[PDB]
Amino acid sequence: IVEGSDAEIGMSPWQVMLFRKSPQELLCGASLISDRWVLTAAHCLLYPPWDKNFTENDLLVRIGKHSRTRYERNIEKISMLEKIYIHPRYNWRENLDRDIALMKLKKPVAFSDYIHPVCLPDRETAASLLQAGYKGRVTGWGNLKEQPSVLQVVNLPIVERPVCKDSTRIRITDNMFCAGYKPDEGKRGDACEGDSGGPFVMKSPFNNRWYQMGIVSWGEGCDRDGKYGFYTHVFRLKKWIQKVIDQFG
Amino acid sequence: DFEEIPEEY
Amino acid sequence: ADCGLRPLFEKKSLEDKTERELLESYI
Ligand SMILES: CC(=O)N[C@H](CC1CCCCC1)C(=O)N1CCC[C@H]1C(=O)NCc1cccc(Cl)c1
Ligand code: NA
Ligand code: NA
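Top to bottom, those sequences are chains U, S and D. Taking UniProt numbering, I'd label the letters of the first sequence as residues 364 to 509, 519 to 621. For the second sequence, UniProt numbering assigns the number 62 to the initial residue and increments by one for each residue that follows. For the third sequence, UniProt numbering assigns the number 334 to the initial residue and increments by one for each residue that follows.
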C-alpha cells in the first residue's frame with residue numbers, strides 16, 4: 364500500500380496473507396468469508412505470462428495477522444488448502460477479466476478478536492454503495508512504493533467509469549471498477565505489488581456491517597498521477613461464488 | 062526476511 | 334450472519350480512527 368497508514372489491531376480481522384511455503388514468503392493478500400473459505404484474485408494463483416501456476420500444496424493461509432514478517436504466536440492461525448477454485452472465464456490473456464478465485468481450507472479456522480469473516484454484498488447493498496465518490500478501504504502487506521513492518525490501510529474513492537476507461541489503454545469490463553484520487557484532489561494512495569488478492573471493503577450505513585465490494589486486481593505502476601487501481605467487482609461474480617460454495621460445501 | 066514458521070505447518 | 338462485525342470495534346461500539354471518512358462520503 365502506497366501512502367496508507369499502520370492498521371489498528373483488529374481493524375481488518377478478515378485479512379488473509381497468502382504465503383509461499385518454500386521459499387517462505389508473502390505471495391498475495393486475500394480475505395476470510397466464512398470459517399472454511401478464503402477469497403482472492405485468480406492471478407495470485409494462475410498467471411502463465413510469469414510462469415505462475417500454484418497448487419494447493421505450494422501454499423498456506425495465515426489469518427489474524429498484523430506483522431508482515433513475524434510469526435504471531437497465540438494470535439495468528441495458519442491453514443492448509445483443501446482445494447483451489449478459479450473462475451472458468453478468468454481472462455489472464457487480455458485484461459484479467461473475472462480476476463477471482465476461492466480457496467477451501469482443510470480445517471475450519473477458529474474465530475477470535477483477530478479473526479472474523481467479512482460480508483459479501485447483496486444486490487441492494489451493491490447498488491447503494493458502488494457509486495462514484497463513495498470511499499472504500501484497501502488493506503495489505505505490499506510495497507510502500509513503486519515493504520512495511522505491519523498491515524497497511526488506505527481509504528480510496530470509487531471513480532466514474534468514463535474516467536477509469538480514459539486513464540488506460542486496457543479494455544475495461546463491467547466485472548471491474550477503479551478507485552483512487554485524481555491529481556486535482558490533493559490526497560493520494562494506492563495498492564501496490566503484494567497487495568493483489570486483498571479486499572476493497574465498505575461499511576454499510578444501513579446495518580453498520582463491513583462488505584467486501586472489490587478484490588485488488590491490477591494497476592499500471594503504483595500511485596501514479598492520473599492512473600487508478602482496478603478491482604474485481606465481487607457482486608457481479610457472486611453467482612459463481614455461491615455456486616462454488618454450494619456444491620463444494 | 063520472514064520469521065520461519067513452526068515445522069508443524 | 335455474524336459477518337462484517339468486528340470484535341474489537343462494532344461488537345464493542347468502538348470506532349476505528351478513519352471509518353468516519355467512509356461514512357461521510359456516502360452522500
Ligand atoms: C501495467 C502492468 O503491466 N501491470 C499489470 C496491469 C495489467 C496486467 C496484464 C493484464 C491487464 C492488467 C498488473 O497490475 N498486474 C499484472 C499481474 C499482477 C497485477 C498487479 O500487479 N497487481 C498489483 C496492483 C498494483 C497496483 C494497483 C492494483 Cl489495484 C494492484
Ligand atoms: Na482508454
Ligand atoms: Na493514481
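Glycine included, each C-beta is placed from N, C-alpha and C at the ideal position.
- Contact of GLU65 of chain S with chain U by beta-carbon distance below 9 Å involves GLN387 and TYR434.
- Three or more beta-carbon pairs drawn from the segment 439-454 of chain U and the segment 403-410 of chain U are found closer than 8 Å, and the two stretches are therefore classed as touching.
- As a beta-bridge residue in DSSP terms, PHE602 of chain U pairs with U:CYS550 and U:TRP590.
- Shown here for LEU492 of chain U: same chain residues with a beta carbon closer than 6 Å to its own, the five before and five after excluded, namely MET574 in chain order.
- Residue-level contact by beta carbon fails for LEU422 of chain U and chain S, as no gap is shorter than 8 Å.
- In the same chain as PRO529 of chain U, and ignoring 5 residues on each side of it, the C-beta atoms closer than 6 Å to its own belong to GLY496 and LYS498, in chain order.
- In this structure the segment 565-573 of chain U lies against the segment 371-388 of chain U, because at least three pairs of beta carbons, one per stretch, are closer than 8 Å.
- Close partners of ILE441 of chain U in chain S (Cβ separation under 9 Å): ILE66, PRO67, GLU69 and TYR70.
- Going by C-alpha positions, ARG581 of chain U is about 15 Å away from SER397 of chain U.
- Residue ranges of uninterrupted beta strand (DSSP E) with 3 or more members, entirely inside the segment 370-406 of chain U and ordered along the chain, are 378-383, 388-395 and 400-403.
- Under a criterion of Cβ atoms nearer than 8 Å, the residues of chain D adjacent to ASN527 of chain U are, in order, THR351, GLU354 and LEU355.
- Distances from the CA of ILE587 of chain U to each of U:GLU419, U:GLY569, U:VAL531 and U:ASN579 were compared; the closest alpha carbon is that of U:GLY569.
- Under the criterion of beta carbons closer than 8 Å, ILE364 of chain U and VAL501 of chain U qualify as touching, at roughly 7 Å.
- Listed in chain order, the non-local C-beta contacts of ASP476 of chain U below 7 Å within the same chain comprise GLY373, local neighbours out to five positions each way being set aside.
- If the five residues before and after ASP349 of chain D are omitted, its C-beta is found closer than 7 Å to the C-beta atoms of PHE342, all from its own chain and listed in chain order.
- With respect to the 8 Å criterion, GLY598 of chain U and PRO534 of chain U are not classified as neighbours on the basis of their beta carbons.
- Not one heavy atom of ligand 2 is found less than 7 Å from the C-beta of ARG353 of chain D.
- Within the segment 473-506 of chain U, the complete beta strand (DSSP E) runs of at least 3 residues fall at 498-503.
- Secondary structure at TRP413 of chain U: helix, using DSSP grouped into helix, strand and coil.
- Where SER442 of chain U is concerned, the enclosing beta strand (DSSP E) starts and stops at 440-449.
- From the listed residues U:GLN524, U:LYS467, U:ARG452 and U:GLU388, the smallest Cα separation to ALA563 of chain U is found for U:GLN524.
- With the criterion CB distance below 6 Å from any heavy atom of ligand 2, the matching residues run U:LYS537, U:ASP538, U:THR540 and U:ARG541 along the chain.
- Burial is judged here by how many other beta carbons sit within 10 angstroms of a residue's own beta carbon; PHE620 of chain U has fewer than 16 and is exposed.
- Rounded to the nearest angstrom, the gap between the Cα atoms of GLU439 of chain U and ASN547 of chain U is 33 Å.
- The residues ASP460, in chain order, have a CB closer than 6 Å to that of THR545 of chain U in the same chain once the five nearest residues on each side in sequence are set aside.
- Bounds of any alpha helix (DSSP H) do not take in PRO340 of chain D, whose DSSP letter is neither H nor E.
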